[PDB]
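Text of the file work_13.cif, holding mmCIF, C-alpha atoms:
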```cif
data_coords
loop_
_atom_site.group_PDB
_atom_site.id
_atom_site.type_symbol
_atom_site.label_atom_id
_atom_site.label_comp_id
_atom_site.auth_asym_id
_atom_site.auth_seq_id
_atom_site.Cartn_x
_atom_site.Cartn_y
_atom_site.Cartn_z
ATOM 1 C CA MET T 1 0.422 -17.656 -8.235
ATOM 2 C CA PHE T 2 0.635 -15.321 -5.290
ATOM 3 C CA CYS T 3 -2.086 -14.497 -2.816
ATOM 4 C CA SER T 4 -3.337 -11.146 -4.079
ATOM 5 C CA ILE T 5 -2.882 -9.608 -0.618
ATOM 6 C CA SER T 6 0.431 -11.388 -0.020
ATOM 7 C CA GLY T 7 2.226 -11.007 -3.360
ATOM 8 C CA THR T 8 4.467 -14.074 -2.951
ATOM 9 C CA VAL T 9 3.445 -17.705 -3.479
ATOM 10 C CA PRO T 10 1.161 -18.884 -0.631
ATOM 11 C CA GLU T 11 2.465 -21.719 1.528
ATOM 12 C CA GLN T 12 -1.065 -22.570 2.720
ATOM 13 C CA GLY T 13 -2.752 -21.825 -0.623
ATOM 14 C CA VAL T 14 -6.479 -21.100 -0.343
ATOM 15 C CA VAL T 15 -8.977 -19.578 -2.740
ATOM 16 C CA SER T 16 -12.357 -18.448 -1.526
ATOM 17 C CA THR T 17 -15.193 -20.188 -3.350
ATOM 18 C CA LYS T 18 -17.353 -17.062 -3.767
ATOM 19 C CA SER T 19 -14.671 -14.777 -5.135
ATOM 20 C CA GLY T 20 -12.078 -15.952 -7.623
ATOM 21 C CA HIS T 21 -9.173 -14.697 -5.477
ATOM 22 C CA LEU T 22 -6.537 -17.012 -3.969
ATOM 23 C CA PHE T 23 -5.504 -16.078 -0.460
ATOM 24 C CA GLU T 24 -3.118 -16.667 2.425
ATOM 25 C CA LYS T 25 -4.827 -18.999 4.900
ATOM 26 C CA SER T 26 -3.995 -17.400 8.259
ATOM 27 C CA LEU T 27 -3.976 -13.898 6.760
ATOM 28 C CA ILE T 28 -7.322 -14.124 4.990
ATOM 29 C CA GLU T 29 -8.958 -15.785 7.988
ATOM 30 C CA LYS T 30 -7.755 -12.845 10.076
ATOM 31 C CA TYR T 31 -9.043 -10.476 7.384
ATOM 32 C CA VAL T 32 -12.487 -12.077 6.933
ATOM 33 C CA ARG T 33 -12.970 -11.761 10.669
ATOM 34 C CA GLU T 34 -11.158 -8.371 10.666
ATOM 35 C CA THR T 35 -13.690 -6.565 8.482
ATOM 36 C CA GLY T 36 -16.233 -9.263 7.535
ATOM 37 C CA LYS T 37 -15.621 -8.794 3.806
ATOM 38 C CA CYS T 38 -13.595 -9.885 0.757
ATOM 39 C CA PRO T 39 -10.457 -7.693 0.854
ATOM 40 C CA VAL T 40 -10.143 -7.804 -2.950
ATOM 41 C CA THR T 41 -13.340 -5.759 -3.328
ATOM 42 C CA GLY T 42 -15.221 -5.450 -0.051
ATOM 43 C CA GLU T 43 -17.604 -8.306 -0.844
ATOM 44 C CA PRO T 44 -19.120 -10.034 2.200
ATOM 45 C CA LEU T 45 -17.354 -13.282 2.981
ATOM 46 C CA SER T 46 -17.155 -15.949 5.674
ATOM 47 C CA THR T 47 -14.188 -17.961 6.860
ATOM 48 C CA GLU T 48 -15.207 -21.478 5.750
ATOM 49 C CA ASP T 49 -15.863 -20.345 2.167
ATOM 50 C CA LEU T 50 -12.073 -20.521 1.894
ATOM 51 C CA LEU T 51 -11.014 -23.443 -0.283
ATOM 52 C CA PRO T 52 -7.778 -25.230 0.653
ATOM 53 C CA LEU T 53 -5.923 -25.144 -2.657
ATOM 54 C CA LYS T 54 -3.066 -27.439 -1.627
ATOM 55 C CA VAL T 55 -0.867 -29.024 -4.282
ATOM 56 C CA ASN T 56 2.193 -29.161 -2.007
ATOM 57 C CA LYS T 57 4.154 -25.924 -2.686
ATOM 58 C CA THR T 58 7.424 -27.508 -1.453
ATOM 59 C CA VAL T 59 9.639 -25.976 -4.135
ATOM 60 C CA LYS T 60 11.085 -22.927 -2.353
ATOM 61 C CA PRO T 61 14.771 -23.415 -3.203
ATOM 62 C CA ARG T 62 17.522 -22.901 -0.671
ATOM 63 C CA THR T 63 19.841 -20.274 -2.102
ATOM 64 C CA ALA T 64 23.610 -20.397 -1.583
ATOM 65 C CA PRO T 65 24.171 -18.381 1.653
ATOM 66 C CA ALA T 66 20.533 -18.775 2.703
ATOM 67 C CA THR T 67 21.229 -22.496 3.132
ATOM 68 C CA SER T 68 22.490 -21.787 6.648
ATOM 69 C CA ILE T 69 21.038 -21.198 10.104
ATOM 70 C CA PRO T 70 23.401 -18.175 10.377
ATOM 71 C CA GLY T 71 22.517 -17.249 6.820
ATOM 72 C CA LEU T 72 18.785 -17.928 6.994
ATOM 73 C CA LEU T 73 18.414 -15.719 10.078
ATOM 74 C CA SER T 74 20.649 -12.965 8.671
ATOM 75 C CA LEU T 75 18.426 -12.866 5.590
ATOM 76 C CA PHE T 76 15.464 -13.044 7.963
ATOM 77 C CA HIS T 77 16.959 -9.851 9.397
ATOM 78 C CA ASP T 78 17.419 -7.898 6.182
ATOM 79 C CA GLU T 79 14.078 -9.349 5.020
ATOM 80 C CA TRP T 80 12.083 -7.749 7.826
ATOM 81 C CA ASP T 81 14.239 -4.681 7.281
ATOM 82 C CA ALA T 82 13.075 -4.605 3.665
ATOM 83 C CA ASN T 83 9.423 -5.396 4.437
ATOM 84 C CA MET T 84 9.161 -2.314 6.631
ATOM 85 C CA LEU T 85 11.535 -0.486 4.221
ATOM 86 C CA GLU T 86 8.801 -0.938 1.633
ATOM 87 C CA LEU T 87 5.747 -0.334 3.825
ATOM 88 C CA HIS T 88 6.865 3.062 5.138
ATOM 89 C CA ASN T 89 7.831 4.239 1.663
ATOM 90 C CA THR T 90 4.334 3.213 0.557
ATOM 91 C CA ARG T 91 2.931 5.283 3.434
ATOM 92 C CA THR T 92 4.747 8.381 2.182
ATOM 93 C CA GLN T 93 3.975 7.590 -1.474
ATOM 94 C CA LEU T 94 0.310 7.441 -0.448
ATOM 95 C CA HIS T 95 0.727 10.830 1.203
ATOM 96 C CA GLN T 96 2.340 12.511 -1.826
ATOM 97 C CA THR T 97 0.150 10.752 -4.364
ATOM 98 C CA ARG T 98 -2.856 11.703 -2.243
ATOM 99 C CA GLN T 99 -1.663 15.319 -2.116
ATOM 100 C CA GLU T 100 -1.193 15.264 -5.882
ATOM 101 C CA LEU T 101 -4.715 13.889 -6.271
ATOM 102 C CA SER T 102 -6.094 16.693 -4.120
ATOM 103 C CA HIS T 103 -4.245 19.265 -6.207
ATOM 104 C CA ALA T 104 -5.546 17.659 -9.393
ATOM 105 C CA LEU T 105 -9.084 17.706 -8.031
ATOM 106 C CA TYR T 106 -8.801 21.406 -7.227
ATOM 107 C CA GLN T 107 -7.433 22.059 -10.729
ATOM 108 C CA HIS T 108 -10.327 20.084 -12.213
ATOM 109 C CA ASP T 109 -12.796 22.139 -10.183
ATOM 110 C CA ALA T 110 -11.198 25.321 -11.496
ATOM 111 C CA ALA T 111 -11.435 23.967 -15.042
ATOM 112 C CA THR T 112 -15.115 23.159 -14.576
ATOM 113 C CA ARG T 113 -15.779 26.666 -13.331
ATOM 114 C CA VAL T 114 -13.974 28.162 -16.321
ATOM 115 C CA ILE T 115 -15.894 25.927 -18.761
ATOM 116 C CA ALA T 116 -19.165 26.964 -17.095
ATOM 117 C CA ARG T 117 -18.185 30.621 -17.460
ATOM 118 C CA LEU T 118 -16.852 30.443 -21.033
ATOM 119 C CA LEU T 119 -20.055 28.619 -22.003
ATOM 120 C CA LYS T 120 -22.138 31.559 -20.837
ATOM 121 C CA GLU T 121 -19.769 33.702 -22.922
ATOM 122 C CA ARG T 122 -20.333 31.657 -26.081
ATOM 123 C CA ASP T 123 -24.077 31.149 -25.595
ATOM 124 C CA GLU T 124 -24.647 34.883 -25.232
ATOM 125 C CA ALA T 125 -22.295 35.558 -28.164
ATOM 126 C CA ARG T 126 -24.420 33.355 -30.424
ATOM 127 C CA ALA T 127 -27.760 34.663 -29.130
ATOM 128 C CA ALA T 128 -26.410 38.137 -29.904
ATOM 129 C CA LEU T 129 -25.334 37.202 -33.441
ATOM 130 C CA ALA T 130 -28.890 35.910 -33.904
ATOM 131 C CA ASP T 131 -29.856 39.601 -33.854
ATOM 132 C CA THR W 1 7.289 -21.574 23.290
ATOM 133 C CA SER W 2 10.845 -20.712 22.335
ATOM 134 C CA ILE W 3 11.098 -21.525 18.592
ATOM 135 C CA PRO W 4 7.436 -22.405 17.839
ATOM 136 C CA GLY W 5 6.411 -19.297 19.767
ATOM 137 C CA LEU W 6 9.055 -17.119 18.111
ATOM 138 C CA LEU W 7 8.007 -18.279 14.650
ATOM 139 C CA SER W 8 4.302 -17.984 15.477
ATOM 140 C CA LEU W 9 4.670 -14.379 16.638
ATOM 141 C CA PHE W 10 6.867 -13.652 13.607
ATOM 142 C CA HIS W 11 4.154 -15.059 11.338
ATOM 143 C CA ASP W 12 1.626 -12.871 13.145
ATOM 144 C CA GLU W 13 3.668 -9.677 12.889
ATOM 145 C CA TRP W 14 4.368 -10.265 9.210
ATOM 146 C CA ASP W 15 0.610 -10.802 8.776
ATOM 147 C CA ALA W 16 -0.028 -7.470 10.490
ATOM 148 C CA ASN W 17 2.672 -5.569 8.592
ATOM 149 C CA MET W 18 1.180 -6.922 5.366
ATOM 150 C CA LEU W 19 -2.371 -5.994 6.318
ATOM 151 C CA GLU W 20 -0.999 -2.467 6.779
ATOM 152 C CA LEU W 21 0.825 -2.706 3.432
ATOM 153 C CA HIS W 22 -2.362 -3.771 1.668
ATOM 154 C CA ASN W 23 -4.167 -0.871 3.307
ATOM 155 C CA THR W 24 -1.479 1.202 1.584
ATOM 156 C CA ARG W 25 -1.957 -0.578 -1.759
ATOM 157 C CA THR W 26 -5.772 -0.381 -1.586
ATOM 158 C CA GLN W 27 -5.883 3.331 -0.799
ATOM 159 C CA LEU W 28 -3.221 3.730 -3.506
ATOM 160 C CA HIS W 29 -5.409 1.922 -6.045
ATOM 161 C CA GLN W 30 -8.350 4.153 -5.152
ATOM 162 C CA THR W 31 -6.031 7.154 -5.531
ATOM 163 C CA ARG W 32 -4.605 6.105 -8.896
ATOM 164 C CA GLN W 33 -8.149 5.598 -10.162
ATOM 165 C CA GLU W 34 -8.825 9.122 -8.861
ATOM 166 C CA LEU W 35 -5.762 10.244 -10.850
ATOM 167 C CA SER W 36 -6.848 8.474 -14.042
ATOM 168 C CA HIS W 37 -10.015 10.476 -13.592
ATOM 169 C CA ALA W 38 -8.475 13.835 -12.661
ATOM 170 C CA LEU W 39 -5.456 14.413 -14.903
ATOM 171 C CA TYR W 40 -7.197 13.092 -18.015
ATOM 172 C CA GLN W 41 -10.282 15.108 -17.062
ATOM 173 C CA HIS W 42 -8.293 18.321 -16.869
ATOM 174 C CA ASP W 43 -6.808 17.554 -20.276
ATOM 175 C CA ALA W 44 -10.405 17.061 -21.448
ATOM 176 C CA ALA W 45 -11.468 20.361 -19.855
ATOM 177 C CA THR W 46 -8.650 22.177 -21.626
ATOM 178 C CA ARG W 47 -10.137 20.590 -24.743
ATOM 179 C CA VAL W 48 -13.644 21.733 -23.746
ATOM 180 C CA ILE W 49 -12.696 25.369 -23.267
ATOM 181 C CA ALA W 50 -10.589 25.251 -26.430
ATOM 182 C CA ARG W 51 -13.648 24.090 -28.377
ATOM 183 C CA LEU W 52 -15.794 26.708 -26.666
ATOM 184 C CA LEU W 53 -13.397 29.609 -27.283
ATOM 185 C CA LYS W 54 -13.071 28.646 -30.936
ATOM 186 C CA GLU W 55 -16.888 28.685 -30.915
ATOM 187 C CA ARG W 56 -16.772 32.105 -29.230
ATOM 188 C CA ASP W 57 -14.368 33.699 -31.703
ATOM 189 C CA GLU W 58 -16.355 32.036 -34.498
ATOM 190 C CA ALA W 59 -19.552 33.760 -33.359
ATOM 191 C CA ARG W 60 -17.488 36.928 -32.888
ATOM 192 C CA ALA W 61 -16.317 36.716 -36.505
ATOM 193 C CA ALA W 62 -19.938 36.063 -37.485
ATOM 194 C CA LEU W 63 -21.174 39.249 -35.801
ATOM 195 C CA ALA W 64 -18.093 41.041 -37.142
ATOM 196 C CA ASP W 65 -18.968 40.146 -40.734
ATOM 197 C CA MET W 66 -22.591 41.009 -39.858
ATOM 198 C CA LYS W 67 -21.755 44.567 -38.820
ATOM 199 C CA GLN W 68 -19.146 44.840 -41.558
ATOM 200 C CA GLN W 69 -22.127 44.432 -43.863
ATOM 201 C CA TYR W 70 -24.082 47.134 -42.033
ATOM 202 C CA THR F 1 4.319 -11.807 25.752
ATOM 203 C CA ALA F 2 7.135 -10.749 23.420
ATOM 204 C CA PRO F 3 9.955 -8.165 23.601
ATOM 205 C CA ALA F 4 9.119 -4.558 22.646
ATOM 206 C CA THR F 5 12.685 -4.582 21.246
ATOM 207 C CA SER F 6 10.496 -6.008 18.579
ATOM 208 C CA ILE F 7 12.723 -6.824 15.547
ATOM 209 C CA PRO F 8 16.071 -5.876 17.250
ATOM 210 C CA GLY F 9 15.389 -7.831 20.421
ATOM 211 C CA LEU F 10 13.121 -10.380 18.771
ATOM 212 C CA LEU F 11 16.038 -11.214 16.468
ATOM 213 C CA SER F 12 18.550 -11.188 19.324
ATOM 214 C CA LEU F 13 16.358 -13.604 21.330
ATOM 215 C CA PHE F 14 15.611 -15.649 18.200
ATOM 216 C CA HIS F 15 19.356 -16.077 17.776
ATOM 217 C CA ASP F 16 20.004 -16.570 21.490
ATOM 218 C CA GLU F 17 17.703 -19.561 21.909
ATOM 219 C CA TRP F 18 18.348 -20.837 18.364
ATOM 220 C CA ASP F 19 21.994 -21.158 19.394
ATOM 221 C CA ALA F 20 21.088 -22.398 22.875
ATOM 222 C CA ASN F 21 19.337 -25.299 21.132
ATOM 223 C CA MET F 22 22.243 -25.668 18.705
ATOM 224 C CA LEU F 23 24.473 -25.886 21.803
ATOM 225 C CA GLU F 24 22.153 -28.463 23.360
ATOM 226 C CA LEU F 25 22.754 -30.363 20.130
ATOM 227 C CA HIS F 26 26.522 -30.327 20.621
ATOM 228 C CA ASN F 27 26.780 -31.311 24.291
ATOM 229 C CA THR F 28 24.216 -34.088 23.834
ATOM 230 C CA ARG F 29 26.100 -35.393 20.775
ATOM 231 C CA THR F 30 29.336 -35.041 22.731
ATOM 232 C CA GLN F 31 28.269 -37.168 25.684
ATOM 233 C CA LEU F 32 26.674 -39.536 23.160
ATOM 234 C CA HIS F 33 29.925 -40.332 21.365
ATOM 235 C CA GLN F 34 31.838 -40.144 24.654
ATOM 236 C CA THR F 35 29.605 -42.983 25.855
ATOM 237 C CA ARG F 36 29.978 -44.761 22.503
ATOM 238 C CA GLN F 37 33.735 -44.766 23.147
ATOM 239 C CA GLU F 38 33.293 -45.943 26.734
ATOM 240 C CA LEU F 39 31.032 -48.754 25.499
ATOM 241 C CA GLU C 1 -4.236 30.155 -14.171
ATOM 242 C CA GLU C 2 -6.628 33.063 -13.608
ATOM 243 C CA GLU C 3 -9.352 30.491 -12.970
ATOM 244 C CA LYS C 4 -7.061 29.355 -10.169
ATOM 245 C CA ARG C 5 -6.249 32.887 -9.001
ATOM 246 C CA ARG C 6 -9.749 33.657 -7.715
ATOM 247 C CA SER C 7 -10.857 30.057 -7.142
ATOM 248 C CA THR C 8 -13.436 29.742 -4.361
ATOM 249 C CA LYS C 9 -11.697 27.620 -1.696
ATOM 250 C CA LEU C 10 -8.143 27.335 -3.059
ATOM 251 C CA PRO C 11 -6.556 24.690 -0.827
ATOM 252 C CA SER C 12 -3.798 22.849 -2.720
ATOM 253 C CA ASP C 13 -4.142 20.749 0.437
ATOM 254 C CA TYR C 14 -7.710 19.801 -0.506
ATOM 255 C CA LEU C 15 -6.833 16.340 0.863
ATOM 256 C CA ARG C 16 -8.844 17.619 3.832
ATOM 257 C CA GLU C 17 -11.930 16.496 1.916
ATOM 258 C CA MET C 18 -10.048 13.390 0.812
ATOM 259 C CA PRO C 19 -10.528 10.492 3.250
ATOM 260 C CA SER C 20 -8.474 10.513 6.420
ATOM 261 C CA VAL C 21 -5.274 8.571 5.715
ATOM 262 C CA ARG C 22 -5.091 6.826 9.039
ATOM 263 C CA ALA C 23 -2.306 5.980 11.452
ATOM 264 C CA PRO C 24 -0.596 2.609 10.917
ATOM 265 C CA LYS C 25 -2.958 0.154 12.595
ATOM 266 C CA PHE C 26 -0.872 -1.827 15.091
ATOM 267 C CA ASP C 27 -2.258 -0.572 18.420
ATOM 268 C CA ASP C 28 -2.451 -4.276 19.403
ATOM 269 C CA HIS C 29 1.178 -5.122 18.539
ATOM 270 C CA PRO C 30 3.772 -2.849 20.166
ATOM 271 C CA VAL C 31 6.072 -4.717 17.777
ATOM 272 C CA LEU C 32 5.204 -2.774 14.650
ATOM 273 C CA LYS C 33 4.617 0.289 16.821
ATOM 274 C CA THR C 34 8.290 0.672 17.700
ATOM 275 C CA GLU C 35 9.133 -0.678 14.256
ATOM 276 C CA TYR C 36 7.556 2.305 12.509
ATOM 277 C CA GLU C 37 8.645 4.834 15.142
ATOM 278 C CA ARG C 38 12.248 3.936 14.336
ATOM 279 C CA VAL C 39 11.843 3.113 10.627
ATOM 280 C CA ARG C 40 10.566 6.539 9.598
ATOM 281 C CA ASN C 41 13.853 7.827 11.029
ATOM 282 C CA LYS C 42 15.526 5.099 8.919
ATOM 283 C CA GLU C 43 18.165 4.518 11.604
ATOM 284 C CA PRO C 44 18.769 0.857 10.741
ATOM 285 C CA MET C 45 18.901 -2.125 13.020
ATOM 286 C CA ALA C 46 22.490 -3.238 13.469
ATOM 287 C CA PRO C 47 23.435 -6.502 11.726
ATOM 288 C CA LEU C 48 23.121 -9.442 14.085
ATOM 289 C CA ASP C 49 25.907 -9.967 16.620
ATOM 290 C CA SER C 50 28.916 -10.022 14.261
#
```

Translate the structure of the given file into structure tokens.
Amino acid sequence: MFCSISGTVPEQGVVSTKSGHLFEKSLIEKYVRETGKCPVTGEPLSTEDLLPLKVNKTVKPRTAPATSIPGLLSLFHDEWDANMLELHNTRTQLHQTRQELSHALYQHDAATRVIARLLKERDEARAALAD
Amino acid sequence: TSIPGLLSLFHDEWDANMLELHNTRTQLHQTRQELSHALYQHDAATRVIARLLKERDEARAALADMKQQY
Amino acid sequence: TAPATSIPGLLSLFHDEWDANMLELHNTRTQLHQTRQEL
Amino acid sequence: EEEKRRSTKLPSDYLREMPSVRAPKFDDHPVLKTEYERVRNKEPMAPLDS
């Protein structure tokens, strides 16, 4: 239901026609003009191709304390707190996952070298037994 | 400005924070594909050299029986 | 232009003029029913 | 392990060849600028005006 980039149910629901991916209106307009492409893949896209999927989302239910101007803004507060509290942790998870990937790549390179070497070992072993 | 401007700029900054977060998720998806390559590939390479060393010691036992004969 | 106090001060100003308007609600309502009584 | 021992360009930081993981792109909103500069230190915003 959620805009792929957003992750929660769009309040201005829009799919692009060319893609198959439903998007946030303001966000995906910014993004189509921000790289020129479809952010799901990198496909080239234009801003009108957006299709206004609007079936009147108005279902977002007031919770118990959130039903309040003091409450709605306090949860606004901890909400932005949590949005950045997720983004920065994703920054460092990228860093450690990326580091792990680099280590794995180096290990893979070492493995390829060993396989290349051990293959010379076996090929010469067999050519020798042929004598 | 006051409330329409406040909410507009809040909408903008959430848009920008989320474009950053999707940069995170996109690089992360590239990286986890790189992982699904790498770790499995090293398992496969352990398998490769295992096959090849069994092949080695097999040819070694072949030559060993050969020169046992003569 | 917006405060570089970005979420701290943005929230403090959000609340400040939110409640300024909520105060403009009360005084306007107050003179309204004051005048209802006088009428 | 011995494959590793004498590996050609043993980095274990080989992320150098990995793409540059760039700075958080809000050079046009000081908002998220100061947001991240504090947030990595995790020193929270105080709850609003109790």

Problem - Selection result of the PyMOL selection byres ((chain T) within 10 of (chain W)) on this file, as an NGL selection string - result: :T and (4-7 or 24 or 26-28 or 30-31 or 39-41 or 80 or 83-84 or 86-95 or 97-112 or 114-131)

Handout entry: Interface, chain T side, toward chain F (10 Å; all atoms listed in the file) as a ChimeraX atom specification
Key = /T:69-70,73-74,76-77,80-81

Taking every listed atom of region 67-70 of chain W and adding 5 Å to each side, what centre and edge lengths in Å (one decimal) does the axis-aligned box have, as JSON?
```
{"center_x": -21.6, "center_y": 45.8, "center_z": -41.3, "size_x": 14.9, "size_y": 12.7, "size_z": 15.0}
```

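Our summary of the geometry notes that CA of residue 11 (chain C) is positioned 28.2 Å from CA of residue 25 (chain C).
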
Practice task
Please return, as a PyMOL selection string, all residues of chain C lying within 12 Å of chain W when all atoms listed in the file are considered.
Solution key: chain C and resi 1+3+15+18-33+35-36

Preceding selection exported with C-alpha atoms as a PDB file, in the coordinates of the input:
```
ATOM      1  CA  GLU C   1      -4.236  30.155 -14.171  1.00  0.00           C
ATOM      2  CA  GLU C   3      -9.352  30.491 -12.970  1.00  0.00           C
ATOM      3  CA  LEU C  15      -6.833  16.340   0.863  1.00  0.00           C
ATOM      4  CA  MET C  18     -10.048  13.390   0.812  1.00  0.00           C
ATOM      5  CA  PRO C  19     -10.528  10.492   3.250  1.00  0.00           C
ATOM      6  CA  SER C  20      -8.474  10.513   6.420  1.00  0.00           C
ATOM      7  CA  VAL C  21      -5.274   8.571   5.715  1.00  0.00           C
ATOM      8  CA  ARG C  22      -5.091   6.826   9.039  1.00  0.00           C
ATOM      9  CA  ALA C  23      -2.306   5.980  11.452  1.00  0.00           C
ATOM     10  CA  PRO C  24      -0.596   2.609  10.917  1.00  0.00           C
ATOM     11  CA  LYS C  25      -2.958   0.154  12.595  1.00  0.00           C
ATOM     12  CA  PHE C  26      -0.872  -1.827  15.091  1.00  0.00           C
ATOM     13  CA  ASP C  27      -2.258  -0.572  18.420  1.00  0.00           C
ATOM     14  CA  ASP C  28      -2.451  -4.276  19.403  1.00  0.00           C
ATOM     15  CA  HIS C  29       1.178  -5.122  18.539  1.00  0.00           C
ATOM     16  CA  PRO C  30       3.772  -2.849  20.166  1.00  0.00           C
ATOM     17  CA  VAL C  31       6.072  -4.717  17.777  1.00  0.00           C
ATOM     18  CA  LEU C  32       5.204  -2.774  14.650  1.00  0.00           C
ATOM     19  CA  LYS C  33       4.617   0.289  16.821  1.00  0.00           C
ATOM     20  CA  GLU C  35       9.133  -0.678  14.256  1.00  0.00           C
ATOM     21  CA  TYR C  36       7.556   2.305  12.509  1.00  0.00           C
TER      22      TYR C  36
END
```

Handout entry: Contacts of residue 46 (chain T) within 12 Å, all atoms listed in the file, excl. fewer than 3 positions in-chain, as a list in words
Key =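 These residues fall inside the cut-off: residues 16, 17, 18, 19, 28, 29, 30, 31, 32, 33, 34, 35, 36, 37, 38, 39, 43, 49, 50 and 51 of chain T.
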